[PDB]
Amino acid sequence: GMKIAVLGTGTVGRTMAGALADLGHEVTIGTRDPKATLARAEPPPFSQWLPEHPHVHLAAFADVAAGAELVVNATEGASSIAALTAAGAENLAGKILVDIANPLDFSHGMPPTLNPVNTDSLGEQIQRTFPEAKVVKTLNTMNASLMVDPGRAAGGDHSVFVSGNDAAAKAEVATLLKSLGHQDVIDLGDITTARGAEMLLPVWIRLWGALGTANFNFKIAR
Amino acid sequence: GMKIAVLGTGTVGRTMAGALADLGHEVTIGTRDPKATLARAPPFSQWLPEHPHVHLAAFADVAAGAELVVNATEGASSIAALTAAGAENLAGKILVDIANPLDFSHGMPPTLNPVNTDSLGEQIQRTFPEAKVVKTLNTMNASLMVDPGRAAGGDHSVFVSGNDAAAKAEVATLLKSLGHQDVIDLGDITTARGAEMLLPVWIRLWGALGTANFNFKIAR
Ligand SMILES: NC(=O)c1ccc[n+]([C@@H]2O[C@H](COP(=O)([O-])OP(=O)(O)OC[C@H]3O[C@@H](n4cnc5c(N)ncnc54)[C@H](OP(=O)(O)O)[C@@H]3O)[C@@H](O)[C@H]2O)c1
Ligand SMILES: NC(=O)c1ccc[n+]([C@@H]2O[C@H](COP(=O)([O-])OP(=O)(O)OC[C@H]3O[C@@H](n4cnc5c(N)ncnc54)[C@H](OP(=O)(O)O)[C@@H]3O)[C@@H](O)[C@H]2O)c1
Ligand SMILES: [Cl-]
């Protein structure tokens, strides 16, 4: 197993950290301030989740990234650059950075829109801000539940995408995705293909409304 | 059998016009200038005689006589094509919008304009407020719009976006007649944003898979 740092204490971070730990990886979870995160009483609260996953350990973004071989970005999209900067470019250099964030924009009305979008992407922004990291955009196109148990929606009949400049990095991420139950991994190409992957979110949001559930997924039929 | 006007002489317009004529509809195909179009270089002049029931005429002349109108024009020019068709000829009728507002001004692959906070489907609806705009079929290759069974046995999804639920219901019936068994109503015309925004990944999937013979399926 690998030493994996999951930056994010929300549903995605918890879901991924728990699943990766169950697969035999040594998993740490990154947060801005561990004391503040553990002190949160409002919901569930992170302090109620952590005791159920005894093999997972909490620390600040910089501390978890420095100790990990591979890093997973599961932070709020609008804050991902800030989170990763706090993690430290020096702690990301030469390592695979799995980017699951969506750059949702909740500033000017509902449902959210994307920023950046179309001619740019959060995946690209992360890669050019941290040029020595090996960014792989993946898993952002489905509900957290399906990232680790895709079988819950239509017997696991679905597609997952990878985007990234380093083919060897994408191959390693594909192996991890397969270990999580994803049998159809499609390589969209370089990191600029994160634009199309991120741009699936607007229809995802409308499908959630139209279908009355987040238990659905995209399948590329061919 | 409805009177359908298909605005567009490219692969989408030809494919849709031919399929609808084969289904029993009285189909007309719209172009800017019939004389100029037939004078080109397969060429439209060779396609047209193979579909004798389909009639070619100017945009304004096909829309006036039609009961339902299909937009199959270049996305960047759709507002101009429909303006030429005439707002008076679109009033009270279903306007099926298949166009994608691809933007080729800054190289390849194309991006979208409008995008994100706006869509071509919305632009069309607010420019022609009395038309009943329904965004659909823009998310797949022309071949699959009329014969979806060609890709993975037809296991795919098609979307409808539009403000008028009765208009969407009529379009859903037409889509079913074309072989689309899974029609998903995304909601109002602003949901055309998500439908149009599937194109960037579509373009990369075409490159990644080496074929246009694929489709989106929403598994649930
Ligand atoms: N919800 C889903 O099922 C789903 C599906 C696909 C993709 N995504 C994407 O996955 C990401 C995570 O979503 P989520 O719902 O689990 O959590 P989230 O609420 O979007 O993000 C919470 C995390 O972001 C960090 N964060 C928030 N503001 C920050 C800032 N100012 N500076 C640095 N870090 C900040 C938090 O740090 P602290 O720990 O210190 O609070 C926390 O770790 C998002 O980008 C989302 O769009 C979510
Ligand atoms: N290719 C596909 O399988 C596919 C799939 C899904 C959606 N779409 C969308 O479907 C639409 C049609 O695509 P296409 O490849 O069949 O044809 P296209 O090349 O995009 O469009 C050709 C049509 O647009 C009209 N047009 C071009 N410039 C115009 C202008 N300045 N003013 C008025 N009309 C103008 C042409 O008029 P004339 O007849 O006078 O030349 C012609 O009828 C596009 O929006 C495209 O994005 C295509
Ligand atoms: Cl554990």
Side-chain angles (χ1 to χ4, degrees), chain A residues 103 105 109-121 141-142 146 150-151 153-159 161-163 184-190 192-222, chain B residues 101 103 105 107 109-119 139-140 144 148-157 159-161 182-188 190-220:
Chain A
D105 183 357
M110 296 294 295
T113 53
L114 294 170
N115 180 32
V117 70
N118 194 43
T119 59
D120 196 6
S121 64
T141 58
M142 69 198 74
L146 302 177
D157 176 37
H158 79 289
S159 300
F161 310 98
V162 295
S163 302
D184 180 26
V185 178
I186 302 177
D187 186 333
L188 297 173
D190 71 21
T192 75
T193 70
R195 298 168 191 176
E198 291 173 17
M199 291 168 76
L200 283 166
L201 274 284
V203 75
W204 189 93
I205 293 167
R206 300 304 190 163
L207 286 164
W208 173 83
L211 304 177
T213 182
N215 192 48
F216 70 89
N217 218 330
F218 299 105
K219 173 58 179 184
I220 307 306
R222 76 293 192 181
Chain B
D103 181 3
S105 70
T111 56
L112 292 167
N113 180 35
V115 74
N116 193 43
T117 61
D118 196 5
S119 61
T139 59
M140 68 197 77
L144 299 174
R150 293 176 53 75
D155 183 46
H156 75 295
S157 299
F159 310 100
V160 293
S161 300
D182 182 26
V183 178
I184 300 174
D185 188 328
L186 296 174
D188 74 21
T190 72
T191 71
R193 294 168 197 176
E196 291 174 13
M197 292 168 80
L198 283 162
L199 272 285
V201 76
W202 186 93
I203 293 168
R204 299 302 188 166
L205 286 165
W206 173 35
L209 304 177
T211 181
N213 195 39
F214 68 89
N215 218 330
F216 299 102
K217 174 56 179 184
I218 308 307
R220 74 291 189 181

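To find a chain, count down the sequence lines: A is the first, B the second, and so on, and within it residues start at 1.
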Engineer: Per the side-chain contact (heavy atoms from CB on, under 4.5 Å) rule, which among B:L199, B:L198, B:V201, B:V115 passes with A:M199?
Structural biologist: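 It is B:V115; the other options fail the test.
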Engineer: Looking at A:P202, A:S163, A:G189, A:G209, which one has more heavy-atom pairs under 4.5 Å with chain B than the rest?
Structural biologist: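 Option with the top pair count is A:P202.
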Engineer: Please walk me through it: do A:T192 and B:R204 pass side chain to side chain contact (heavy atoms under 4.5 Å, CB included)?
Structural biologist: CA-CA 10 Å; A:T192 75; B:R204 299 302 188 166; 3.4 Å; yes
Engineer: Restricting to non-hydrogen atoms, name the atom on A:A221 and the atom on B:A152 that form the minimum distance, rounded to 0.1 Å.
Structural biologist: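 Smallest interatomic distance, heavy atoms only, reads CB-CB, 3.8 Å.
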Engineer: Non-hydrogen atoms of chain A under 4.5 Å away: do they reach the side chain of B:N116, the backbone, both or neither?
Structural biologist: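 Its backbone and side chain both get close to chain A.
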Engineer: With a 4.5 angstrom heavy-atom cut-off, which part of A:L211 approaches chain B: side chain, backbone, both or neither?
Structural biologist: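 Interface part for A:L211: side chain.
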Engineer: Where on B:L112 is there a heavy atom nearer than 4.5 Å to chain A: the side chain, the backbone, both, or neither?
Structural biologist: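 When you check distances to chain A, atoms from both the backbone and side chain of B:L112 fall under 4.5 Å.
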Engineer: Chain A heavy atoms under 4.5 Å from B:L186: which part of the residue, side chain, backbone, both or neither?
Structural biologist: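 Its backbone and side chain both get close to chain A.
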Engineer: Once rounded to the nearest 0.5 Å, what's the spacing between atom OG1 of B:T191 and atom CD1 of A:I205?
Structural biologist: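 Answer rounded to 0.5 Å: 12.0 Å.
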Engineer: Using 0.5 Å steps for rounding, measure from the CG atom of A:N215 to the CZ atom of B:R220.
Structural biologist: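 Nearest 0.5 Å value for the CG-CZ distance: 11.5 Å.
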Engineer: So what's closer than 4.5 Å to chain A heavy atoms on B:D155: side chain, backbone, both or neither?
Structural biologist: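 It is both, since atoms from each part get that close.
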Engineer: What part of B:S157 gets within 4.5 angstrom of chain A, counting heavy atoms only: side chain, backbone, both, or neither?
Structural biologist: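 It is neither, since no heavy atom gets under 4.5 Å.
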